[PDB]
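Worksheet: the structure to be examined is printed underneath.
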Amino acid sequence: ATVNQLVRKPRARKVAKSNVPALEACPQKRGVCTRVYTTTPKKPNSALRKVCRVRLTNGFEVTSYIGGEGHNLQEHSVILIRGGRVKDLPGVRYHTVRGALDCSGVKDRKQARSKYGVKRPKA
Amino acid sequence: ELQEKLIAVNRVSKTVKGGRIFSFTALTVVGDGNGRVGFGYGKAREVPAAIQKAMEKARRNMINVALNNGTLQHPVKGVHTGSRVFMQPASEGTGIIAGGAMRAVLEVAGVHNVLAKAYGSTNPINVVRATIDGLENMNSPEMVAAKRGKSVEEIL
Amino acid sequence: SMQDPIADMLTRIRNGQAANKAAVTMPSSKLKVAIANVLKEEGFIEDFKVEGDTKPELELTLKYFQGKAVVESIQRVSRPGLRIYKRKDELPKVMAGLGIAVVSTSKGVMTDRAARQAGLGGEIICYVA
Amino acid sequence: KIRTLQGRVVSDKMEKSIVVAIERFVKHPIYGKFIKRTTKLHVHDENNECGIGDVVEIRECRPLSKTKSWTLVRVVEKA
Amino acid sequence: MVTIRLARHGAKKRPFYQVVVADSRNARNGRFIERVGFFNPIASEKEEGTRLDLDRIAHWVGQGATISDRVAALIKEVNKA
Amino acid sequence: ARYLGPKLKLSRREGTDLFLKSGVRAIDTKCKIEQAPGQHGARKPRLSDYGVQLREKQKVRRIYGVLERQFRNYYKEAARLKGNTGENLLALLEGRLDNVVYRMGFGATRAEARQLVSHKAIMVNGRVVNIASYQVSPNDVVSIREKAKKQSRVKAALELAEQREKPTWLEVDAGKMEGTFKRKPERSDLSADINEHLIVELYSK
RNA sequence: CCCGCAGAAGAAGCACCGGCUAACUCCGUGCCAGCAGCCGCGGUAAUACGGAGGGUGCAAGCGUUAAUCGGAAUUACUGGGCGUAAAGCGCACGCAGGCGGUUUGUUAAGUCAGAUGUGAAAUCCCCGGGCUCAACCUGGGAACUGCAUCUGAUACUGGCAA
RNA sequence: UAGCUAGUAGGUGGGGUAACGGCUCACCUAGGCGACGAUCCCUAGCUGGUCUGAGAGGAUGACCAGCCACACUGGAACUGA
Ligand SMILES: [Mg+2]
Ligand SMILES: [Mg+2]
Ligand SMILES: [Mg+2]
Ligand SMILES: [Mg+2]
Ligand SMILES: [Mg+2]
Ligand SMILES: [Mg+2]
Ligand SMILES: [Mg+2]
Ligand SMILES: [Mg+2]
Ligand SMILES: [Mg+2]
Ligand SMILES: [Mg+2]
Ligand SMILES: [Mg+2]
Ligand SMILES: [Mg+2]
Ligand SMILES: [Mg+2]
Ligand SMILES: [Mg+2]
Ligand SMILES: [Mg+2]
């Protein structure tokens, strides 16, 4: 644009939103598993992804993926969730931190234990 | 004797009645390390053959760069297709600060310290052509003074 | 309408060098004559002459070296829509020193190196390279 | 010499007062253009003689009313 | 009363006082009017471990500034030298 | 904070000796320097430009026993200093007290010199320094303490050093066991296989 | 802080290894279990899942998440575009606004130069000094792109008069 | 979010403050501000600076320092320099 046009109407930024708005700029949030279940992903992938409908402390009702090889999350479980969506799942924008409050660690991991809340097996 | 550098090996393909014919393209640059650089682009059904064709084309097509102490003479802009590049001289120790294709071009041309950015598209072929255009349109104090009809000191 | 004769002069010179015209002719002005003085004395043109007392017509002879033009680039910086004034310690460099920056200082039209010599700032009329 | 300004009268409806529009010439911080900006100062006017559209020369003084801290010194021209 | 005193800077266990002329109400390391020198209590030898600007200090005392006790001792020692 | 692993694996990766062993014997009879370590050693590695820059940085770091955070501080300081950044970085690396001890020959290797430094067996200008990263300035007299002059380590180190090249910018004695650090070594004086503009470009990335 | 003691003696883990991106093969699983930042991977020979060996990076830390800037010339003042990719109002007139041909004179607002006053200290930067080095703390400088006057120049813009 | 303002804008006179002042009162004028964004609405302590950036900028103002505001909420004044 011309300089006069820019003076009259300056350049506008792009505000941007959060891919994880229910976190409310907090790295983790404590939520209650109002539901635990499985869902099938988008094509071309096919499997039974494990998810939970969680009620966070800020009142948000969200859906959170559960990683790891098998969980032990029944309803009313107190879990801690973090950001980072799952691509093949529609709208699932959060993970549950394994090994946090109730979402206990994956049984029998050896690599990347810190990502799944597994304490170091004895040498 | 001439320093060779392979930049990109890209698999193209044309479609025919039977199906698809997958060929290969090779982009290379040759440079003696002292202001004589050229680039070559060669196609062949096989990667080594394409590389050799690029090598021959690059050796056959070189240009003169009026280097100054292993760095550029003045800020320059290289414009080709959808690729614009900016190159600026730097005091020694800076090294080469450029992208992929530009790094190859400058390393083989013999520039040792330069700052550079690549705006627009970053397609290696057009980046190379723009960089070479910028170098071949970069002047030197001696010939600038010559064309203006003055002496080097009278210019700087 | 013609709202920048200085840009007109620079554009005439640029187009003439592009089209290999030997001389480019235009209406004259005090400022145009001063800029022609600067360009001539730093060797970007041979000669210039202003003929006429009611409609002064200025003629600039362009120079080409080995066939190529000499004025490879010539840009109007401080245009009417955005005047540019620089201080003696932010006077620009053109071609990292090889080029010139025609600057109108308080003592007349005179290049950036001369302005840095005489400790002056002023209006950056144009860049020449 | 005392600090002062010079502006253009835009209204004299006030009794013993005038409103003076003073235009300043500020280079824009971002875009580098020199833009016109005009400030309006309620100028005290004893006697009340200045008209709408005259160039008057004014000086800051003590507060005089709610929004009148400036006052006349002389009238540069009549319009 | 405007007082000439020591504002402690430095780090832990290693003080370094700045002799400042300040209103006696402000905080110790707070607003001052002028910095007239410094004093290093753990000053290693060979280094000028104490420097006062006696002309400015005398200016302030003439203006009526009061002098703290440690600053008075420093002035005595520096003018003794 | 120290690479307490096998040493010759580093030399095998970089393809060249880093003097990580004493030098009593050629390293060829101690490791397959030609072969990179691990199950896939004979594999022919096509390295990228980032590969070239990364390996160069590692090589020099491993030579001096420097870790990445400290080496980045060195690079920042070298860039900040006037002149050529690459040679300034090499000079700062050479100024390390452990490296100065190594060059002066009180340690057969830089790890040995580092342990001598860290066990308070070294003085600088008379004061004991046990900082393995202490920066030795011009004209300093790096010495060995009397209670540590009797260690066979220092002797064997001196007779191992004598059969190598003698750093010009140093003056060492075997009797008094001192050394004057005359000047800062120059990029020209140091080994020419180190190609430091790769480090410069890497950290400019 | 200095000296003495006894003995390697009390002290290494985390992430990753398909490309981006440094680092690769076996076994288990069989579009399942699962991974995932994107491209994507997994359907009986998986360097992409899980385990093992090997390796890479960093290191008393290592990753994940949250957040900001960068890359992003992706709001382009420096530094972008508008025939077909998003983008010339359907076309005109026209107030405010933006810009303004040419010569002489005058003014000194813009502009430039110089000086003065301030622009707190710290922080950033430069030259040094001190804590065994560094972090840290300091001395001096530079800088704080500014603003207000005053004195000059007045080429260019502005005013004013021809 | 396009019109807002009735002590509202100005004048005179009286009162009031440590001090100029619609600060307050009576009267007399009908003004004042706004497209260079008034009024309204939503967030927000401000700065030196911090983070990032080649830089211009962008984001933010934790610690430290300067200024302001507040002290359960809403108001008042008293003593006091
Ligand atoms: Mg550490
Ligand atoms: Mg790789
Ligand atoms: Mg298998
Ligand atoms: Mg940007
Ligand atoms: Mg575009
Ligand atoms: Mg279309
Ligand atoms: Mg279109
Ligand atoms: Mg049309
Ligand atoms: Mg004109
Ligand atoms: Mg300051
Ligand atoms: Mg004029
Ligand atoms: Mg608030
Ligand atoms: Mg940028
Ligand atoms: Mg409370
Ligand atoms: Mg009282």
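Here, A, B, ... name the chains of the structure tokens in the order displayed, residue numbers run from 1 inside each chain, and ligands are numbered from 1 in the same displayed order.
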Neighbour list for residue 50 in chain G as a PyMOL selection string, cut-off 12 Å, only C-alpha atoms (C1' of nucleotides), skip fewer than 3 positions in-chain: (chain A and resi 68-69+106-112) or (chain G and resi 27-29+33-35+42+46)
Store the residues of this selection in a file with N, CA and C atoms (P, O5', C5', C4', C3', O3' and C1' of nucleotides), as a PDB file, in the first residue's frame.
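Saved result, part.pdb, follows:
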```pdb
ATOM      1  N   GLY A  68       0.174 -45.094  25.276  1.00  0.00           N
ATOM      2  CA  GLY A  68       0.619 -46.261  26.000  1.00  0.00           C
ATOM      3  C   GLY A  68      -0.069 -47.535  25.554  1.00  0.00           C
ATOM      4  N   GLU A  69       0.448 -48.648  26.065  1.00  0.00           N
ATOM      5  CA  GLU A  69      -0.071 -49.978  25.761  1.00  0.00           C
ATOM      6  C   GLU A  69      -1.003 -50.389  26.890  1.00  0.00           C
ATOM      7  N   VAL A 106       2.690 -47.084  31.733  1.00  0.00           N
ATOM      8  CA  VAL A 106       2.531 -48.261  30.893  1.00  0.00           C
ATOM      9  C   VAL A 106       3.309 -49.422  31.488  1.00  0.00           C
ATOM     10  N   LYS A 107       2.678 -50.588  31.539  1.00  0.00           N
ATOM     11  CA  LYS A 107       3.313 -51.763  32.114  1.00  0.00           C
ATOM     12  C   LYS A 107       4.316 -52.345  31.126  1.00  0.00           C
ATOM     13  N   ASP A 108       5.578 -52.431  31.551  1.00  0.00           N
ATOM     14  CA  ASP A 108       6.663 -53.050  30.793  1.00  0.00           C
ATOM     15  C   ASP A 108       7.046 -52.221  29.570  1.00  0.00           C
ATOM     16  N   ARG A 109       7.542 -51.012  29.803  1.00  0.00           N
ATOM     17  CA  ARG A 109       8.254 -50.241  28.798  1.00  0.00           C
ATOM     18  C   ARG A 109       9.736 -50.232  29.135  1.00  0.00           C
ATOM     19  N   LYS A 110      10.564 -50.012  28.120  1.00  0.00           N
ATOM     20  CA  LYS A 110      11.999 -49.881  28.328  1.00  0.00           C
ATOM     21  C   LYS A 110      12.616 -48.684  27.629  1.00  0.00           C
ATOM     22  N   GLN A 111      12.066 -48.230  26.512  1.00  0.00           N
ATOM     23  CA  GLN A 111      12.527 -47.023  25.852  1.00  0.00           C
ATOM     24  C   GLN A 111      11.500 -45.914  26.032  1.00  0.00           C
ATOM     25  N   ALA A 112      12.002 -44.696  26.238  1.00  0.00           N
ATOM     26  CA  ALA A 112      11.166 -43.510  26.404  1.00  0.00           C
ATOM     27  C   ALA A 112      10.248 -43.638  27.614  1.00  0.00           C
TER      28      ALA A 112
ATOM     29  P     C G  27      14.722 -61.851  12.086  1.00  0.00           P
ATOM     30  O5'   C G  27      13.895 -61.983  13.436  1.00  0.00           O
ATOM     31  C5'   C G  27      14.305 -62.902  14.434  1.00  0.00           C
ATOM     32  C4'   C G  27      13.715 -62.563  15.777  1.00  0.00           C
ATOM     33  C3'   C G  27      12.212 -62.360  15.814  1.00  0.00           C
ATOM     34  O3'   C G  27      11.492 -63.575  15.856  1.00  0.00           O
ATOM     35  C1'   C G  27      13.269 -60.618  16.998  1.00  0.00           C
ATOM     36  P     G G  28      10.013 -63.646  15.244  1.00  0.00           P
ATOM     37  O5'   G G  28       9.117 -62.853  16.294  1.00  0.00           O
ATOM     38  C5'   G G  28       8.817 -63.396  17.573  1.00  0.00           C
ATOM     39  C4'   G G  28       7.916 -62.469  18.345  1.00  0.00           C
ATOM     40  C3'   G G  28       6.643 -62.059  17.619  1.00  0.00           C
ATOM     41  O3'   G G  28       5.593 -62.989  17.812  1.00  0.00           O
ATOM     42  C1'   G G  28       7.739 -60.134  18.446  1.00  0.00           C
ATOM     43  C1'   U G  29       3.255 -58.103  16.359  1.00  0.00           C
ATOM     44  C3'   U G  29       1.626 -59.801  16.104  1.00  0.00           C
ATOM     45  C4'   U G  29       2.397 -60.040  17.381  1.00  0.00           C
ATOM     46  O3'   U G  29       0.232 -60.066  16.334  1.00  0.00           O
ATOM     47  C5'   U G  29       2.771 -61.513  17.535  1.00  0.00           C
ATOM     48  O5'   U G  29       3.646 -61.949  16.493  1.00  0.00           O
ATOM     49  P     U G  29       4.502 -63.318  16.635  1.00  0.00           P
ATOM     50  P     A G  33      -6.328 -52.033  18.207  1.00  0.00           P
ATOM     51  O5'   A G  33      -4.933 -52.385  18.880  1.00  0.00           O
ATOM     52  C5'   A G  33      -4.845 -53.366  19.900  1.00  0.00           C
ATOM     53  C4'   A G  33      -3.416 -53.584  20.317  1.00  0.00           C
ATOM     54  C3'   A G  33      -2.660 -52.340  20.742  1.00  0.00           C
ATOM     55  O3'   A G  33      -2.941 -51.945  22.071  1.00  0.00           O
ATOM     56  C1'   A G  33      -1.339 -53.574  19.235  1.00  0.00           C
ATOM     57  P     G G  34      -3.509 -50.475  22.368  1.00  0.00           P
ATOM     58  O5'   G G  34      -2.218 -49.554  22.321  1.00  0.00           O
ATOM     59  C5'   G G  34      -2.036 -48.608  21.281  1.00  0.00           C
ATOM     60  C4'   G G  34      -0.650 -48.700  20.704  1.00  0.00           C
ATOM     61  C3'   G G  34      -0.043 -47.399  20.217  1.00  0.00           C
ATOM     62  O3'   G G  34       0.485 -46.601  21.260  1.00  0.00           O
ATOM     63  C1'   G G  34       0.244 -49.034  18.566  1.00  0.00           C
ATOM     64  P     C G  35       0.377 -45.002  21.177  1.00  0.00           P
ATOM     65  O5'   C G  35       1.521 -44.599  20.156  1.00  0.00           O
ATOM     66  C5'   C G  35       2.858 -45.011  20.375  1.00  0.00           C
ATOM     67  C4'   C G  35       3.756 -44.545  19.263  1.00  0.00           C
ATOM     68  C3'   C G  35       3.701 -43.063  18.952  1.00  0.00           C
ATOM     69  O3'   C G  35       4.510 -42.301  19.828  1.00  0.00           O
ATOM     70  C1'   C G  35       3.621 -44.319  16.943  1.00  0.00           C
ATOM     71  P     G G  42       3.997 -49.230   5.816  1.00  0.00           P
ATOM     72  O5'   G G  42       3.338 -49.909   7.095  1.00  0.00           O
ATOM     73  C5'   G G  42       4.154 -50.581   8.036  1.00  0.00           C
ATOM     74  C4'   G G  42       3.362 -51.165   9.175  1.00  0.00           C
ATOM     75  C3'   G G  42       2.196 -52.055   8.808  1.00  0.00           C
ATOM     76  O3'   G G  42       2.604 -53.336   8.372  1.00  0.00           O
ATOM     77  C1'   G G  42       1.589 -50.635  10.595  1.00  0.00           C
ATOM     78  P     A G  46       8.311 -57.459   8.530  1.00  0.00           P
ATOM     79  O5'   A G  46       8.331 -55.873   8.475  1.00  0.00           O
ATOM     80  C5'   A G  46       8.902 -55.171   7.377  1.00  0.00           C
ATOM     81  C4'   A G  46       9.300 -53.778   7.789  1.00  0.00           C
ATOM     82  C3'   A G  46      10.495 -53.715   8.729  1.00  0.00           C
ATOM     83  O3'   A G  46      11.161 -52.466   8.564  1.00  0.00           O
ATOM     84  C1'   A G  46       8.572 -52.936   9.856  1.00  0.00           C
TER      85        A G  46
END
```
Surrounding residues of residue 59 in chain H excluding itself and chain neighbours under 4 positions, 10 Å, only C-alpha atoms (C1' of nucleotides), as an MDAnalysis selection string: (chainID G and resid 68:69) or (chainID H and resid 51:52)
Expected selection as number ranges by chain for ligand 9 within 10 Å, only C-alpha atoms (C1' of nucleotides) and all ligand atoms: C: 3-5, 80; G: 100-102, 156-157
Residues within 9 Å of ligand 7, counting only C-alpha atoms (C1' of nucleotides) and all ligand atoms, as a PyMOL selection string: chain G and resi 82+84-87
Output C-alpha atoms (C1' of nucleotides) for every residue in the selection just made, as a PDB file, in the first residue's frame.
```
ATOM      1  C1'   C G  82      -3.835  -6.863  -7.581  1.00  0.00           C
ATOM      2  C1'   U G  84      -5.551 -15.435 -15.337  1.00  0.00           C
ATOM      3  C1'   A G  85      -3.267 -17.795  -8.433  1.00  0.00           C
ATOM      4  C1'   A G  86      -6.846 -13.487  -3.153  1.00  0.00           C
ATOM      5  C1'   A G  87      -7.030  -8.764  -4.754  1.00  0.00           C
TER       6        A G  87
END
```
Contacts of ligand 11, 10 Å or closer, only C-alpha atoms (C1' of nucleotides) and all ligand atoms, given as number ranges by chain: G: 105-107, 156-160
Spatial neighbours of residue 86 in chain A, max dist 10 Å, only C-alpha atoms (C1' of nucleotides), sep filter under 3 positions, as a PyMOL selection string: (chain A and resi 41+49+64-65+83+89-95) or (chain G and resi 36)
Export C-alpha atoms (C1' of nucleotides) of the chosen residues as a PDB file, in the first residue's frame?
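The resulting file, part.pdb, is reproduced below:
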```
ATOM      1  CA  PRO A  41      -9.735 -42.872  13.496  1.00  0.00           C
ATOM      2  CA  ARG A  49      -7.795 -45.329  19.666  1.00  0.00           C
ATOM      3  CA  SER A  64      -8.230 -36.526  25.568  1.00  0.00           C
ATOM      4  CA  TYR A  65      -6.201 -39.274  23.948  1.00  0.00           C
ATOM      5  CA  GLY A  83      -1.665 -30.253  24.993  1.00  0.00           C
ATOM      6  CA  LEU A  89      -8.640 -38.420  15.622  1.00  0.00           C
ATOM      7  CA  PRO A  90     -11.311 -35.780  15.012  1.00  0.00           C
ATOM      8  CA  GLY A  91     -11.012 -32.978  17.529  1.00  0.00           C
ATOM      9  CA  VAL A  92      -8.932 -34.813  20.147  1.00  0.00           C
ATOM     10  CA  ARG A  93      -6.578 -31.976  21.061  1.00  0.00           C
ATOM     11  CA  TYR A  94      -5.007 -33.273  24.286  1.00  0.00           C
ATOM     12  CA  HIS A  95      -3.077 -36.192  25.730  1.00  0.00           C
TER      13      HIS A  95
ATOM     14  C1'   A G  36       2.972 -39.244  15.301  1.00  0.00           C
TER      15        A G  36
END
```
Residue 9 in chain E environment, 9 Å, only C-alpha atoms (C1' of nucleotides), sequence neighbours closer than 4 positions dropped, as a PyMOL selection string: (chain E and resi 14-18+29) or (chain G and resi 137)
How about saving the chosen residues, C-alpha atoms (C1' of nucleotides) kept, as a PDB file, in the first residue's frame?
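Contents of result04.pdb, as written:
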```pdb
ATOM      1  CA  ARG E  14      30.720  -9.442  49.539  1.00  0.00           C
ATOM      2  CA  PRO E  15      29.361  -5.971  50.321  1.00  0.00           C
ATOM      3  CA  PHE E  16      30.115  -2.929  48.222  1.00  0.00           C
ATOM      4  CA  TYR E  17      28.706   0.343  49.487  1.00  0.00           C
ATOM      5  CA  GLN E  18      27.941   3.355  47.320  1.00  0.00           C
ATOM      6  CA  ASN E  29      19.022   1.055  48.156  1.00  0.00           C
TER       7      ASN E  29
ATOM      8  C1'   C G 137      30.257  -7.817  41.875  1.00  0.00           C
TER       9        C G 137
END
```
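Within 12 Å of range 31-36 of chain F, once only C-alpha atoms (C1' of nucleotides) are used and residues closer than 5 positions along the same chain are dropped, the contacting residues are residues 6, 7, 8, 9, 10, 11, 12, 13, 14, 15, 16, 17, 18, 20, 21, 25, 26, 41, 42, 43, 44 and 45 of chain F; 54 and 55 of chain G.
For the pair CA of residue 13 in chain B and CA of residue 26 in chain B, the separation is 13.8 Å.
Omitting residue 154 in chain G and its sequence neighbours fewer than 5 positions away, and counting only C-alpha atoms (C1' of nucleotides), the residues within 10 Å are residues 105, 106, 107 and 108 of chain C; 108, 111 and 112 of chain G.
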Contacts with ligand 10 at most 10 Å, only C-alpha atoms (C1' of nucleotides) and all ligand atoms counted, listed as an NGL selection string: (:G and (119-123 or 143-144)) or (:H and (48))
Check: which chain G residues lie within 9 Å of chain D using only C-alpha atoms (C1' of nucleotides), as a count of residues only: 4
Counting only C-alpha atoms (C1' of nucleotides) and all ligand atoms, name the residues that have an atom within 10 Å of an atom of ligand 8; the answer should be given as a PDB file with N, CA, C and O atoms (P, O5', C5', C4', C3', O3' and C1' of nucleotides), in the first residue's frame.
```pdb
ATOM      1  P     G G  88     -10.671  -6.582  -7.166  1.00  0.00           P
ATOM      2  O5'   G G  88      -9.411  -5.997  -7.928  1.00  0.00           O
ATOM      3  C5'   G G  88      -9.520  -5.568  -9.269  1.00  0.00           C
ATOM      4  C4'   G G  88     -10.096  -4.187  -9.334  1.00  0.00           C
ATOM      5  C3'   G G  88     -10.301  -3.647 -10.737  1.00  0.00           C
ATOM      6  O3'   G G  88     -11.438  -2.791 -10.732  1.00  0.00           O
ATOM      7  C1'   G G  88      -8.814  -2.250  -9.572  1.00  0.00           C
ATOM      8  P     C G  89     -12.910  -3.404 -10.554  1.00  0.00           P
ATOM      9  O5'   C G  89     -13.192  -3.291  -8.996  1.00  0.00           O
ATOM     10  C5'   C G  89     -13.046  -2.051  -8.317  1.00  0.00           C
ATOM     11  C4'   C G  89     -14.280  -1.713  -7.521  1.00  0.00           C
ATOM     12  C3'   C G  89     -15.461  -1.211  -8.342  1.00  0.00           C
ATOM     13  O3'   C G  89     -16.674  -1.653  -7.743  1.00  0.00           O
ATOM     14  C1'   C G  89     -14.830   0.440  -6.779  1.00  0.00           C
ATOM     15  P     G G  90     -17.605  -2.705  -8.516  1.00  0.00           P
ATOM     16  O5'   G G  90     -17.879  -1.999  -9.911  1.00  0.00           O
ATOM     17  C5'   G G  90     -17.411  -2.569 -11.120  1.00  0.00           C
ATOM     18  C4'   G G  90     -17.859  -1.760 -12.305  1.00  0.00           C
ATOM     19  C3'   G G  90     -17.325  -0.344 -12.378  1.00  0.00           C
ATOM     20  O3'   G G  90     -16.048  -0.287 -12.974  1.00  0.00           O
ATOM     21  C1'   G G  90     -19.651  -0.327 -12.730  1.00  0.00           C
ATOM     22  P     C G  91     -15.056   0.928 -12.665  1.00  0.00           P
ATOM     23  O5'   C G  91     -15.768   2.181 -13.325  1.00  0.00           O
ATOM     24  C5'   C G  91     -15.921   2.273 -14.727  1.00  0.00           C
ATOM     25  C4'   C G  91     -16.677   3.516 -15.096  1.00  0.00           C
ATOM     26  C3'   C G  91     -16.058   4.807 -14.609  1.00  0.00           C
ATOM     27  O3'   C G  91     -15.032   5.247 -15.474  1.00  0.00           O
ATOM     28  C1'   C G  91     -18.378   4.799 -14.140  1.00  0.00           C
TER      29        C G  91
END
```
Interface, chain C side, toward chain B (10 Å; only C-alpha atoms) as a compact mmCIF listing (two decimals) with C-alpha atoms, in the first residue's frame:
```
# COMPACT_ATOMS: atom_id res chain seq x y z
CA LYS C 40 29.27 14.80 -14.84
CA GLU C 42 31.89 12.03 -11.05
CA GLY C 43 31.90 10.66 -14.56
CA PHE C 44 28.48 9.11 -15.07
CA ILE C 45 27.86 11.32 -18.13
CA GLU C 46 30.19 13.12 -20.51
CA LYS C 63 28.46 7.31 -21.80
CA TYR C 64 28.89 3.62 -22.52
CA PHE C 65 32.06 1.68 -21.81
CA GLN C 66 32.65 -1.66 -23.50
CA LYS C 68 27.44 -1.65 -21.81
CA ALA C 69 25.88 1.38 -20.20
CA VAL C 70 27.68 3.08 -17.32
CA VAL C 71 24.72 4.16 -15.17
CA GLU C 72 23.75 0.58 -14.37
CA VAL C 94 25.90 3.11 -2.48
CA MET C 95 27.44 -0.10 -3.83
CA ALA C 96 29.25 -0.29 -0.47
CA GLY C 97 31.21 2.80 -1.52
CA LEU C 98 31.68 2.37 -5.27
CA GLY C 99 28.38 4.09 -6.04
CA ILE C 100 27.35 7.61 -5.13
CA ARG C 113 31.28 11.34 0.37
CA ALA C 129 25.46 2.90 -9.20
```
Let me have all residues with an atom within 12 Å of ligand 1, counting only C-alpha atoms (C1' of nucleotides) and all ligand atoms, laid out as a PDB file with C-alpha atoms (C1' of nucleotides), in the first residue's frame.
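That gives us pocket-v4.pdb:
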```pdb
ATOM      1  CA  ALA F   1      30.364 -33.522  33.058  1.00  0.00           C
ATOM      2  CA  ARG F   2      33.240 -35.519  31.608  1.00  0.00           C
ATOM      3  CA  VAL F  66      34.788 -29.651  26.368  1.00  0.00           C
ATOM      4  CA  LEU F  67      31.043 -30.132  26.665  1.00  0.00           C
ATOM      5  CA  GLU F  68      28.447 -28.413  24.537  1.00  0.00           C
ATOM      6  CA  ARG F  69      27.246 -25.693  26.911  1.00  0.00           C
ATOM      7  CA  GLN F  70      30.794 -24.586  27.698  1.00  0.00           C
ATOM      8  CA  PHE F  71      31.791 -24.739  24.042  1.00  0.00           C
ATOM      9  CA  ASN F  73      29.937 -20.063  25.700  1.00  0.00           C
TER      10      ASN F  73
ATOM     11  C1'   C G  58      22.994 -33.635  25.623  1.00  0.00           C
ATOM     12  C1'   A G  59      24.722 -34.243  30.438  1.00  0.00           C
ATOM     13  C1'   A G  60      23.213 -33.591  36.796  1.00  0.00           C
ATOM     14  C1'   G G  61      20.560 -33.114  33.671  1.00  0.00           C
ATOM     15  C1'   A G 134      33.082 -18.485  35.388  1.00  0.00           C
ATOM     16  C1'   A G 135      28.298 -17.107  36.900  1.00  0.00           C
TER      17        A G 135
END
```
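Minimum atom-to-atom distances from G:126, G:1, G:16, G:66 to chain A were compared using only C-alpha atoms (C1' of nucleotides), and the lowest value belongs to G:66.
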